[PDB]
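Report on the structure given below.
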Amino acid sequence: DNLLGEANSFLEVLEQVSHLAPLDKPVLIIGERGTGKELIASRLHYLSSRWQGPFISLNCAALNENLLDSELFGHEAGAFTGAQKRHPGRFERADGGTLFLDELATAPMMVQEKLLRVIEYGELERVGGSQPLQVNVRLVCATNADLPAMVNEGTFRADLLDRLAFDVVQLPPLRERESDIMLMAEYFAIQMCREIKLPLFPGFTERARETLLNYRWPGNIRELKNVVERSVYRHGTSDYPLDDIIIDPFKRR
DNA sequence: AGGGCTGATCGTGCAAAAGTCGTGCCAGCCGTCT
Ligand SMILES: Nc1ncnc2c1ncn2[C@@H]1O[C@H](COP(=O)(O)OP(=O)(O)O)[C@@H](O)[C@H]1O
Ligand SMILES: [Mg+2]
């Protein structure tokens, strides 16, 4: 329920991912719009020997301070003013374990070439402490597929990405998943009802279930969660079965 | 019974005002030649 039940093909892929988890090889990952490819990564990291090691996942390419790539390894403060440099860094935080990337999609072509070169050769040096790169323990990249690079060539510098052919993982649509979708929805509903402290599950008309099934699920299980939330809030009661399920909060009446 | 406040610990720069040096150069004088 709170874990990744996953479809049958998704189950086989999950087995493959849990296996590749011990493989600390650098990776680039792809999940759907609202599939949630992160939880499988956490399950793998637990399955990886890097489970004990730190697994700092990239913070969506956040742009705090001017260190930027030197945010990967920087200094804290001059001794005369403040505190010691104390060797704190971003590329260093994921120490002894996994290292996950996020919001890799948003980048332009220049930083794309930079990342490609870092893959080719990586060094970490900071005014404050730091430690040698070229380790990148259990490295894995994610969220790049949200914005494709060089799809028709051009865009970001993904020619090297074509050259850099470390293994990748696709993402089938939720509509194409054909898993226990109603079961996952029920699990989410029960979790919400507990969170909502609801009297009980009011129920759902199987006709309502089939009607809600008439949807592309563009946000995948995230779309499922949002639609369930809207449908339940519309129900707002535990009395009678939900003959209504939320198509879209954007509408009129 | 409730608040405050405390300080364990927090080091290799450089700038501020100020001077001092570079450099010349103007006033006087006496050796001189007038
Ligand atoms: N098979 C699954 N097992 C557990 N949780 C899931 C599953 N599929 C989707 N989810 C949920 O969907 C949400 C998607 O969130 P997010 O990670 O932003 O999606 P994406 O990775 O597509 O951006 C996650 O919070 C996750 O809890
Ligand atoms: Mg996401």
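Labels for the structure tokens follow display order: chains A, B, ..., residues from 1 in each chain, ligands from 1.
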
Distance cut-off 12 Å, counting only C-alpha atoms (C1' of nucleotides) - which residues of chain A neighbour chain B? Return them as a PyMOL selection string.
chain A and resi 77-85

Check range 4-253 of chain A with DSSP on the backbone and list each residue it calls helix (DSSP H, G or I), as JSON, numbers by chain.
{"A": [8, 9, 10, 11, 12, 13, 14, 15, 16, 17, 18, 19, 20, 37, 38, 39, 40, 41, 42, 43, 44, 45, 46, 47, 49, 50, 51, 68, 69, 70, 71, 90, 91, 92, 93, 104, 105, 106, 109, 110, 111, 112, 113, 114, 115, 116, 117, 118, 119, 120, 159, 160, 161, 162, 163, 174, 175, 176, 177, 181, 182, 183, 184, 185, 186, 187, 188, 189, 190, 191, 192, 193, 194, 195, 196, 206, 207, 208, 209, 210, 211, 212, 213, 220, 221, 222, 223, 224, 225, 226, 227, 228, 229, 230, 231, 232, 233, 234, 235]}

Between A:59, A:155, A:231, A:70, which is the closest to ligand 2 once you count only C-alpha atoms and all ligand atoms?
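The answer is A:59, which sits nearest to ligand 2.
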
Quick one: of A:222, A:117, A:87, A:194, who's nearest to ligand 2, counting only C-alpha atoms and all ligand atoms?
A:222

Shell of 7 Å around ligand 1 (only C-alpha atoms (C1' of nucleotides) and all ligand atoms), written as JSON, numbers by chain
{"A": [1, 2, 3, 4, 5, 6, 31, 32, 33, 34, 35, 36, 37, 38, 39, 221, 222]}

Just-selected residues, C-alpha atoms written as an mmCIF file, in the first residue's frame:
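As a result, part25.cif now contains:
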data_model
loop_
_atom_site.group_PDB
_atom_site.id
_atom_site.type_symbol
_atom_site.label_atom_id
_atom_site.label_comp_id
_atom_site.auth_asym_id
_atom_site.auth_seq_id
_atom_site.Cartn_x
_atom_site.Cartn_y
_atom_site.Cartn_z
ATOM 1 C CA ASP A 1 0.000 0.000 0.000
ATOM 2 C CA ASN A 2 2.448 2.673 1.187
ATOM 3 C CA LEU A 3 4.975 0.527 -0.765
ATOM 4 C CA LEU A 4 5.174 -0.054 -4.561
ATOM 5 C CA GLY A 5 2.713 -2.885 -5.355
ATOM 6 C CA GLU A 6 3.559 -2.374 -9.087
ATOM 7 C CA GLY A 31 9.709 8.043 -14.638
ATOM 8 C CA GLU A 32 6.323 9.267 -15.855
ATOM 9 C CA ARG A 33 4.795 12.672 -15.131
ATOM 10 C CA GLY A 34 3.122 11.498 -11.940
ATOM 11 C CA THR A 35 4.480 7.965 -11.742
ATOM 12 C CA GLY A 36 6.751 8.736 -8.807
ATOM 13 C CA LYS A 37 10.013 7.111 -9.897
ATOM 14 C CA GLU A 38 11.581 8.195 -6.582
ATOM 15 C CA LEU A 39 10.014 5.593 -4.279
ATOM 16 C CA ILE A 221 -0.945 7.746 -9.967
ATOM 17 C CA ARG A 222 -0.475 11.408 -9.100
#

Report as number ranges by chain all protein, DNA and RNA residues lying within 6 Å of range 136-139 of chain A, evaluated on only C-alpha atoms (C1' of nucleotides), omitting residues in the same chain fewer than 5 positions from it.
A: 24-26, 97-99

Return as a ChimeraX atom specification the full set of residues in range 1-244 of chain A whose backbone-based DSSP assignment is strand (DSSP E).
/A:28-29,99-100,139-140,168-169

Any idea what's packed within 10 Å of residue 199 in chain A, counting only C-alpha atoms (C1' of nucleotides), ignoring anything in its chain fewer than 6 positions away? Could you give it as a list in words?
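Here the answer would be residues 193, 237, 238 and 239 of chain A.
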
For residue 56 in chain A, list every protein, DNA or RNA residue within 12 Å, evaluated using only C-alpha atoms (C1' of nucleotides), and leave out those in the same chain fewer than 3 positions away; present the list as JSON, numbers by chain.
{"A": [42, 45, 50, 51, 53, 59, 60, 72, 89, 90, 91, 92, 93, 94, 95, 96, 97, 98, 99, 100, 101, 102, 136, 137, 138, 139, 140, 141]}

Limited to N, CA and C atoms, could you put the picked residues into a file as a tab-separated table (two decimals), in the first residue's frame?
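Wrote it out as again-v2.tsv, contents follow:
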chain	number	residue	atom	x	y	z
A	42	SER	N	14.21	4.69	-3.70
A	42	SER	CA	14.44	4.51	-2.27
A	42	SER	C	14.44	3.04	-1.89
A	45	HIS	N	17.73	1.68	-3.00
A	45	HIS	CA	18.79	2.13	-2.12
A	45	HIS	C	18.81	1.32	-0.83
A	50	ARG	N	24.53	0.40	-0.39
A	50	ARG	CA	24.57	1.81	-0.06
A	50	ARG	C	23.44	2.22	0.87
A	51	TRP	N	22.67	1.25	1.37
A	51	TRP	CA	21.57	1.54	2.27
A	51	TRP	C	22.06	2.26	3.52
A	53	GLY	N	24.94	3.93	3.68
A	53	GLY	CA	25.63	5.14	3.30
A	53	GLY	C	24.68	6.28	2.98
A	59	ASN	N	18.53	18.36	-5.01
A	59	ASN	CA	17.42	19.20	-4.60
A	59	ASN	C	16.95	20.00	-5.81
A	60	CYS	N	16.44	19.29	-6.82
A	60	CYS	CA	15.73	19.91	-7.95
A	60	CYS	C	16.54	21.02	-8.60
A	72	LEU	N	28.52	21.96	-4.94
A	72	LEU	CA	28.89	20.56	-4.82
A	72	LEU	C	29.98	20.37	-3.77
A	89	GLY	N	29.73	20.22	1.71
A	89	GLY	CA	29.52	20.29	0.27
A	89	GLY	C	28.35	19.45	-0.17
A	90	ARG	N	27.87	19.74	-1.38
A	90	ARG	CA	26.72	19.00	-1.91
A	90	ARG	C	27.14	17.68	-2.52
A	91	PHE	N	28.19	17.69	-3.35
A	91	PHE	CA	28.67	16.44	-3.93
A	91	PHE	C	29.28	15.54	-2.86
A	92	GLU	N	29.50	16.09	-1.67
A	92	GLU	CA	30.10	15.30	-0.59
A	92	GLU	C	29.04	14.71	0.33
A	93	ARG	N	27.84	15.31	0.36
A	93	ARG	CA	26.82	14.89	1.32
A	93	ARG	C	26.42	13.43	1.10
A	94	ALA	N	26.27	13.02	-0.15
A	94	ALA	CA	25.96	11.63	-0.49
A	94	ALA	C	27.23	10.79	-0.33
A	95	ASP	N	27.57	10.54	0.94
A	95	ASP	CA	28.84	9.95	1.32
A	95	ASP	C	28.64	8.52	1.79
A	96	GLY	N	29.32	7.58	1.14
A	96	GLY	CA	29.25	6.18	1.50
A	96	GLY	C	28.03	5.45	0.98
A	97	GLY	N	27.16	6.12	0.23
A	97	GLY	CA	25.94	5.49	-0.22
A	97	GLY	C	25.51	5.93	-1.60
A	98	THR	N	24.21	6.11	-1.78
A	98	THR	CA	23.67	6.50	-3.08
A	98	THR	C	23.87	7.99	-3.32
A	99	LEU	N	23.59	8.43	-4.55
A	99	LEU	CA	23.62	9.84	-4.93
A	99	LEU	C	22.62	10.03	-6.08
A	100	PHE	N	21.48	10.66	-5.78
A	100	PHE	CA	20.38	10.76	-6.73
A	100	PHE	C	20.27	12.18	-7.29
A	101	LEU	N	19.99	12.28	-8.58
A	101	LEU	CA	19.84	13.56	-9.25
A	101	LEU	C	18.36	13.87	-9.46
A	102	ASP	N	18.03	15.16	-9.48
A	102	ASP	CA	16.67	15.63	-9.66
A	102	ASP	C	16.66	16.92	-10.48
A	136	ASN	N	31.73	9.14	-6.88
A	136	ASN	CA	30.30	9.22	-7.21
A	136	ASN	C	29.55	7.95	-6.80
A	137	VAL	N	29.63	7.61	-5.51
A	137	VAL	CA	29.20	6.29	-5.05
A	137	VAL	C	27.73	6.08	-5.34
A	138	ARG	N	27.42	4.96	-6.00
A	138	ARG	CA	26.05	4.59	-6.35
A	138	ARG	C	25.33	5.74	-7.06
A	139	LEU	N	26.05	6.40	-7.97
A	139	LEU	CA	25.49	7.55	-8.67
A	139	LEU	C	24.29	7.14	-9.51
A	140	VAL	N	23.32	8.04	-9.61
A	140	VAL	CA	22.15	7.84	-10.46
A	140	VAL	C	21.53	9.19	-10.77
A	141	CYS	N	21.17	9.38	-12.04
A	141	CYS	CA	20.55	10.62	-12.48
A	141	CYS	C	19.07	10.36	-12.71

How many Å lie between CA of residue 202 in chain A and CA of residue 7 in chain A, rounded to one decimal?
26.7 Å

Can you tell me, as a ChimeraX atom specification, what residues are no more than 10 Å from residue 177 in chain A when counting only C-alpha atoms (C1' of nucleotides), ignoring any on the same chain fewer than 2 positions away?
/A:6-10,171-175,179-181,220

Write the residues of the preceding selection, restricted to N, CA, C and O atoms, as an mmCIF file, in the first residue's frame.
data_model
loop_
_atom_site.group_PDB
_atom_site.id
_atom_site.type_symbol
_atom_site.label_atom_id
_atom_site.label_comp_id
_atom_site.auth_asym_id
_atom_site.auth_seq_id
_atom_site.Cartn_x
_atom_site.Cartn_y
_atom_site.Cartn_z
ATOM 1 N N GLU A 6 3.019 -2.254 -7.699
ATOM 2 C CA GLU A 6 3.559 -2.374 -9.087
ATOM 3 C C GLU A 6 2.821 -3.430 -9.919
ATOM 4 O O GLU A 6 2.384 -4.451 -9.354
ATOM 5 N N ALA A 7 2.686 -3.184 -11.225
ATOM 6 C CA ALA A 7 2.082 -4.156 -12.121
ATOM 7 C C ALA A 7 3.024 -5.337 -12.326
ATOM 8 O O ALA A 7 4.170 -5.335 -11.870
ATOM 9 N N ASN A 8 2.527 -6.359 -13.026
ATOM 10 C CA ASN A 8 3.331 -7.558 -13.251
ATOM 11 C C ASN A 8 4.616 -7.233 -14.001
ATOM 12 O O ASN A 8 5.715 -7.581 -13.550
ATOM 13 N N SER A 9 4.501 -6.557 -15.147
ATOM 14 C CA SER A 9 5.698 -6.080 -15.829
ATOM 15 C C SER A 9 6.443 -5.084 -14.957
ATOM 16 O O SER A 9 7.679 -5.091 -14.902
ATOM 17 N N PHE A 10 5.700 -4.224 -14.257
ATOM 18 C CA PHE A 10 6.325 -3.327 -13.296
ATOM 19 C C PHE A 10 6.986 -4.107 -12.168
ATOM 20 O O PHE A 10 8.014 -3.684 -11.639
ATOM 21 N N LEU A 171 9.329 4.416 -18.591
ATOM 22 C CA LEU A 171 8.176 4.621 -17.715
ATOM 23 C C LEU A 171 6.894 4.400 -18.504
ATOM 24 O O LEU A 171 6.479 5.260 -19.293
ATOM 25 N N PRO A 172 6.239 3.251 -18.320
ATOM 26 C CA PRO A 172 4.975 3.020 -19.015
ATOM 27 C C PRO A 172 3.881 3.906 -18.458
ATOM 28 O O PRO A 172 3.926 4.318 -17.283
ATOM 29 N N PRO A 173 2.870 4.237 -19.260
ATOM 30 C CA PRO A 173 1.754 5.035 -18.746
ATOM 31 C C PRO A 173 0.944 4.262 -17.719
ATOM 32 O O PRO A 173 0.884 3.031 -17.740
ATOM 33 N N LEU A 174 0.316 5.007 -16.806
ATOM 34 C CA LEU A 174 -0.581 4.379 -15.844
ATOM 35 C C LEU A 174 -1.737 3.687 -16.553
ATOM 36 O O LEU A 174 -2.153 2.592 -16.158
ATOM 37 N N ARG A 175 -2.269 4.315 -17.603
ATOM 38 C CA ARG A 175 -3.276 3.656 -18.425
ATOM 39 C C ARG A 175 -2.719 2.383 -19.049
ATOM 40 O O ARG A 175 -3.439 1.391 -19.206
ATOM 41 N N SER A 179 -2.321 -2.369 -13.731
ATOM 42 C CA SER A 179 -2.118 -2.991 -12.433
ATOM 43 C C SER A 179 -3.411 -2.973 -11.626
ATOM 44 O O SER A 179 -4.500 -2.709 -12.143
ATOM 45 N N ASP A 180 -3.278 -3.259 -10.331
ATOM 46 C CA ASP A 180 -4.403 -3.176 -9.401
ATOM 47 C C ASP A 180 -4.701 -1.703 -9.126
ATOM 48 O O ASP A 180 -4.560 -1.191 -8.012
ATOM 49 N N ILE A 181 -5.131 -1.016 -10.188
ATOM 50 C CA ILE A 181 -5.341 0.426 -10.114
ATOM 51 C C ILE A 181 -6.444 0.756 -9.121
ATOM 52 O O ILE A 181 -6.301 1.658 -8.290
ATOM 53 N N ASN A 220 -0.723 10.036 -14.111
ATOM 54 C CA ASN A 220 -0.511 8.660 -13.657
ATOM 55 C C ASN A 220 -1.107 8.518 -12.256
ATOM 56 O O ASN A 220 -2.241 8.962 -12.029
#

In Å, how far is it from CA of residue 121 in chain A to CA of residue 134 in chain A?
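Computing it gives 7.0 Å between the two atoms.
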